[PDB]
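Novice: This is the content of target_13.csv (CSV, N, CA and C atoms and all ligand atoms):
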chain,number,residue,atom,x,y,z
A,1,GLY,N,-13.1,-11.0,6.7
A,1,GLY,CA,-13.0,-10.0,5.7
A,1,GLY,C,-12.2,-10.5,4.5
A,2,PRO,N,-11.7,-9.7,3.7
A,2,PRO,CA,-10.8,-10.1,2.5
A,2,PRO,C,-9.5,-10.7,3.1
A,3,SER,N,-9.1,-11.7,2.3
A,3,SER,CA,-7.8,-12.3,2.6
A,3,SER,C,-6.6,-11.3,2.2
A,4,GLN,N,-5.5,-11.5,2.9
A,4,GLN,CA,-4.4,-10.5,2.8
A,4,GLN,C,-3.8,-10.5,1.4
A,5,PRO,N,-3.7,-9.4,0.7
A,5,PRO,CA,-3.2,-9.4,-0.6
A,5,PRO,C,-1.8,-9.9,-0.7
A,6,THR,N,-1.5,-10.4,-1.9
A,6,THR,CA,-0.2,-10.9,-2.3
A,6,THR,C,0.6,-9.7,-2.8
A,7,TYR,N,1.8,-9.4,-2.3
A,7,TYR,CA,2.7,-8.3,-2.8
A,7,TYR,C,3.2,-8.7,-4.1
A,8,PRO,N,3.0,-8.0,-5.2
A,8,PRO,CA,3.4,-8.3,-6.6
A,8,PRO,C,4.9,-8.2,-6.8
A,9,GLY,N,5.8,-7.8,-5.9
A,9,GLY,CA,7.2,-7.9,-6.3
A,9,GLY,C,7.6,-6.4,-6.4
A,10,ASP,N,8.9,-6.2,-6.1
A,10,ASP,CA,9.6,-4.9,-6.3
A,10,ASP,C,9.6,-4.5,-7.7
A,11,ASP,N,9.7,-5.4,-8.6
A,11,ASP,CA,9.8,-5.1,-10.0
A,11,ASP,C,8.5,-5.2,-10.7
A,12,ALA,N,7.4,-5.1,-10.0
A,12,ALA,CA,6.2,-5.1,-10.7
A,12,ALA,C,5.9,-3.8,-11.3
A,13,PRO,N,5.3,-3.7,-12.5
A,13,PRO,CA,5.0,-2.4,-13.2
A,13,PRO,C,4.2,-1.5,-12.3
A,14,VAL,N,4.3,-0.2,-12.5
A,14,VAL,CA,3.5,0.8,-11.6
A,14,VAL,C,2.0,0.5,-11.5
A,15,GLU,N,1.4,-0.1,-12.6
A,15,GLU,CA,0.0,-0.3,-12.5
A,15,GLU,C,-0.4,-1.4,-11.6
A,16,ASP,N,0.5,-2.4,-11.5
A,16,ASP,CA,0.4,-3.5,-10.5
A,16,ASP,C,0.8,-3.0,-9.1
A,17,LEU,N,1.6,-2.0,-8.9
A,17,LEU,CA,1.7,-1.6,-7.5
A,17,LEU,C,0.6,-0.7,-7.1
A,18,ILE,N,-0.1,0.0,-8.0
A,18,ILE,CA,-1.4,0.8,-7.7
A,18,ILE,C,-2.5,-0.3,-7.4
A,19,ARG,N,-2.6,-1.3,-8.2
A,19,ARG,CA,-3.7,-2.4,-7.8
A,19,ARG,C,-3.3,-2.9,-6.4
A,20,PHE,N,-2.1,-3.3,-6.0
A,20,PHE,CA,-1.8,-3.8,-4.7
A,20,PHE,C,-2.1,-2.7,-3.7
A,21,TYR,N,-1.8,-1.4,-3.9
A,21,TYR,CA,-2.0,-0.4,-3.0
A,21,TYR,C,-3.5,-0.3,-2.7
A,22,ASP,N,-4.4,-0.4,-3.7
A,22,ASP,CA,-5.8,-0.3,-3.5
A,22,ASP,C,-6.3,-1.5,-2.7
A,23,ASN,N,-5.8,-2.8,-3.0
A,23,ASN,CA,-6.3,-3.9,-2.3
A,23,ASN,C,-5.7,-3.8,-0.8
A,24,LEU,N,-4.5,-3.3,-0.6
A,24,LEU,CA,-4.0,-3.3,0.8
A,24,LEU,C,-4.9,-2.2,1.6
A,25,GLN,N,-5.3,-1.1,0.9
A,25,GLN,CA,-6.2,-0.2,1.5
A,25,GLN,C,-7.5,-0.8,2.0
A,26,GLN,N,-8.1,-1.6,1.2
A,26,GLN,CA,-9.3,-2.3,1.5
A,26,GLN,C,-9.1,-3.1,2.8
A,27,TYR,N,-8.1,-4.0,2.7
A,27,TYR,CA,-7.7,-4.9,3.8
A,27,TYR,C,-7.4,-4.2,5.1
A,28,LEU,N,-6.7,-3.2,5.1
A,28,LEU,CA,-6.4,-2.4,6.2
A,28,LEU,C,-7.7,-1.8,6.8
A,29,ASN,N,-8.5,-1.2,5.9
A,29,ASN,CA,-9.8,-0.7,6.5
A,29,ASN,C,-10.6,-1.8,7.3
A,30,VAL,N,-10.6,-3.1,6.7
A,30,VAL,CA,-11.4,-4.1,7.3
A,30,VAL,C,-10.8,-4.6,8.6
A,31,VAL,N,-9.4,-4.7,8.6
A,31,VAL,CA,-8.8,-5.2,9.9
A,31,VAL,C,-9.0,-4.2,11.0
A,32,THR,N,-8.9,-2.9,10.7
A,32,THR,CA,-9.1,-1.8,11.7
A,32,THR,C,-10.6,-1.5,11.9
A,33,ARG,N,-11.5,-2.2,11.3
A,33,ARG,CA,-13.0,-2.0,11.5
A,33,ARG,C,-13.3,-0.5,11.1
A,34,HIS,N,-12.7,0.0,10.2
A,34,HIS,CA,-12.9,1.4,9.8
A,34,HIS,C,-13.1,1.6,8.3
A,35,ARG,N,-14.3,1.1,7.8
A,35,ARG,CA,-14.7,1.0,6.4
A,35,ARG,C,-15.0,2.4,5.9
A,36,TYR,N,-14.8,3.4,6.4
A,36,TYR,CA,-14.6,4.7,5.6
A,36,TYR,C,-13.3,4.6,4.9
B,1,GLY,N,13.0,11.2,-6.7
B,1,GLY,CA,12.0,11.1,-5.6
B,1,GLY,C,12.5,10.2,-4.5
B,2,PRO,N,11.6,9.8,-3.7
B,2,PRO,CA,11.9,8.8,-2.6
B,2,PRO,C,12.2,7.5,-3.3
B,3,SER,N,13.1,6.7,-2.6
B,3,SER,CA,13.4,5.4,-3.1
B,3,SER,C,12.2,4.4,-2.7
B,4,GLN,N,12.2,3.4,-3.4
B,4,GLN,CA,11.0,2.4,-3.3
B,4,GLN,C,11.0,1.8,-1.9
B,5,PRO,N,9.9,1.8,-1.2
B,5,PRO,CA,9.8,1.3,0.1
B,5,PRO,C,10.0,-0.3,0.1
B,6,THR,N,10.6,-0.7,1.2
B,6,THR,CA,10.8,-2.2,1.5
B,6,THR,C,9.5,-2.7,2.0
B,7,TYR,N,8.9,-3.8,1.4
B,7,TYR,CA,7.8,-4.5,1.9
B,7,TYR,C,8.1,-5.2,3.2
B,8,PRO,N,7.5,-4.9,4.3
B,8,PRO,CA,7.8,-5.5,5.7
B,8,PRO,C,7.5,-6.9,5.8
B,9,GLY,N,6.9,-7.6,4.9
B,9,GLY,CA,6.7,-9.1,5.2
B,9,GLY,C,5.2,-9.2,5.4
B,10,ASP,N,4.6,-10.4,5.0
B,10,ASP,CA,3.2,-10.8,5.2
B,10,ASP,C,2.9,-10.9,6.7
B,11,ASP,N,3.9,-11.2,7.5
B,11,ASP,CA,3.7,-11.4,8.9
B,11,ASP,C,4.1,-10.2,9.7
B,12,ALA,N,4.1,-9.0,9.0
B,12,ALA,CA,4.4,-7.9,9.9
B,12,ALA,C,3.2,-7.4,10.6
B,13,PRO,N,3.3,-6.9,11.8
B,13,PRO,CA,2.2,-6.4,12.7
B,13,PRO,C,1.4,-5.3,11.9
B,14,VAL,N,0.1,-5.2,12.2
B,14,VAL,CA,-0.7,-4.2,11.4
B,14,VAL,C,-0.1,-2.8,11.4
B,15,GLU,N,0.6,-2.4,12.4
B,15,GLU,CA,1.1,-1.0,12.4
B,15,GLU,C,2.2,-0.8,11.4
B,16,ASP,N,3.0,-1.9,11.2
B,16,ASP,CA,4.0,-1.9,10.2
B,16,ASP,C,3.3,-2.0,8.8
B,17,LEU,N,2.2,-2.7,8.6
B,17,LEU,CA,1.7,-2.6,7.2
B,17,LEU,C,1.0,-1.2,7.0
B,18,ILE,N,0.5,-0.5,8.0
B,18,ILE,CA,0.0,0.9,7.8
B,18,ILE,C,1.2,1.8,7.5
B,19,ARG,N,2.4,1.7,8.2
B,19,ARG,CA,3.5,2.5,7.8
B,19,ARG,C,3.9,2.2,6.4
B,20,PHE,N,4.0,1.0,5.9
B,20,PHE,CA,4.4,0.6,4.5
B,20,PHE,C,3.3,1.3,3.6
B,21,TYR,N,2.0,1.2,3.9
B,21,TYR,CA,1.0,1.7,3.1
B,21,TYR,C,1.2,3.2,2.9
B,22,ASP,N,1.5,3.9,4.0
B,22,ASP,CA,1.7,5.4,3.8
B,22,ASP,C,3.0,5.6,3.0
B,23,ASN,N,4.1,4.9,3.1
B,23,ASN,CA,5.3,5.2,2.3
B,23,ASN,C,4.9,4.7,0.9
B,24,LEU,N,4.2,3.7,0.6
B,24,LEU,CA,3.9,3.3,-0.8
B,24,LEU,C,3.1,4.5,-1.4
B,25,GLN,N,2.1,5.1,-0.7
B,25,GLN,CA,1.3,6.2,-1.1
B,25,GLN,C,2.2,7.3,-1.6
B,26,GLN,N,3.1,7.7,-0.8
B,26,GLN,CA,4.1,8.8,-1.1
B,26,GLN,C,4.7,8.5,-2.4
B,27,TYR,N,5.4,7.3,-2.5
B,27,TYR,CA,6.1,6.8,-3.6
B,27,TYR,C,5.3,6.8,-4.9
B,28,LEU,N,4.1,6.3,-4.9
B,28,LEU,CA,3.3,6.2,-6.0
B,28,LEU,C,2.8,7.7,-6.4
B,29,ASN,N,2.5,8.5,-5.5
B,29,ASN,CA,2.2,10.0,-5.9
B,29,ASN,C,3.4,10.5,-6.7
B,30,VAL,N,4.7,10.3,-6.3
B,30,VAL,CA,5.9,10.9,-6.9
B,30,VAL,C,6.1,10.3,-8.2
B,31,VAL,N,5.9,9.0,-8.3
B,31,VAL,CA,6.2,8.3,-9.7
B,31,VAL,C,5.2,8.8,-10.7
B,32,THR,N,4.0,8.9,-10.3
B,32,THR,CA,2.9,9.4,-11.2
B,32,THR,C,2.8,11.0,-11.2
B,33,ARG,N,3.7,11.7,-10.7
B,33,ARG,CA,3.8,13.2,-10.7
B,33,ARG,C,2.5,13.8,-10.3
B,34,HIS,N,1.9,13.2,-9.3
B,34,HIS,CA,0.6,13.7,-8.8
B,34,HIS,C,0.6,13.8,-7.3
B,35,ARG,N,1.3,14.8,-6.8
B,35,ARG,CA,1.6,15.0,-5.4
B,35,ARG,C,0.4,15.6,-4.7
B,36,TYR,N,-0.8,15.7,-5.2
B,36,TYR,CA,-2.0,15.7,-4.3
B,36,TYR,C,-2.1,14.3,-3.7
C,1,ZN,ZN,-13.2,-13.0,5.7
C,2,ZN,ZN,15.0,10.8,-5.9
Take the structure in this file and express it as structure tokens.

Specialist:
Amino acid sequence: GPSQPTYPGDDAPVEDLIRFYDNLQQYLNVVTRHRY
Amino acid sequence: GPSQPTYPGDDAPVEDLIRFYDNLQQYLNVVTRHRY
């Protein structure tokens, strides 16, 4: 599946923590085999 | 609102990245004033 996303830092702007959030969501669906 | 969650590490077990995911979700709803 997708490789594990890189955490952008505590001080990353909110738009970068929303991109990271969406990529962790993808990753977690794939690891748990639950692509809903 | 809630204080910014601590990232558990790249090597944290999947259940700990699902807890972090849920707490970042909370945090991001509050920062964006969109508590749906
Ligand atoms: Zn792969
Ligand atoms: Zn507060």

Novice: What separation in Å, quoted to one decimal, exists between atom C of residue 14 in chain B and atom C of residue 6 in chain A?

Specialist: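 Computing the Euclidean distance for atom C of residue 14 in chain B and atom C of residue 6 in chain A yields 15.8 Å.
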
Novice: Provide the CA of residue 31 in chain A to CA of residue 4 in chain A distance in Å, to one decimal place.

Specialist: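 Distance between the two atoms: 9.9 Å.
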
Novice: For chain A against chain B, which residues fall within 8 Å using all atoms listed in the file, given as a list in words?

Specialist: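 Here they are: residues 4, 5, 7, 10, 14, 17, 18, 21, 24, 25 and 28 of chain A.
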
Novice: Collect all residues with atoms no farther than 8 Å from ligand ZN 1 (chain C), counting only C-alpha atoms and all ligand atoms, and output them as JSON, numbers by chain.

Specialist: {"A": [1, 2, 3]}

Novice: Output N, CA and C atoms of each residue in that selection to a file, as a JSON list (two decimals), keeping the file's coordinate frame.

Specialist:
[["chain", "number", "residue", "atom", "x", "y", "z"],
["A", 1, "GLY", "N", -13.10, -11.00, 6.70],
["A", 1, "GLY", "CA", -13.00, -10.00, 5.70],
["A", 1, "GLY", "C", -12.20, -10.50, 4.50],
["A", 2, "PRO", "N", -11.70, -9.70, 3.70],
["A", 2, "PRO", "CA", -10.80, -10.10, 2.50],
["A", 2, "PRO", "C", -9.50, -10.70, 3.10],
["A", 3, "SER", "N", -9.10, -11.70, 2.30],
["A", 3, "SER", "CA", -7.80, -12.30, 2.60],
["A", 3, "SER", "C", -6.60, -11.30, 2.20]]

Novice: Atom N of residue 30 in chain A to CA of residue 11 in chain A: how many Å, to one decimal?

Specialist: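 Taking atom N of residue 30 in chain A as the start and CA of residue 11 in chain A as the end point, the length is 26.4 Å.
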
Novice: Which residue out of B:27, B:36, B:19, B:12 has the minimum interatomic distance to ligand ZN 2 (chain C) when only C-alpha atoms and all ligand atoms are used?

Specialist: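 That would be B:27, the residue with the smallest distance to ligand ZN 2 (chain C).
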
Novice: Residues of chain B in alpha helix (DSSP H) according to DSSP, as a list in words?

Specialist: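 DSSP on the backbone gives alpha helix (DSSP H) at residues 14, 15, 16, 17, 18, 19, 20, 21, 22, 23, 24, 25, 26, 27, 28, 29, 30 and 31 of chain B.
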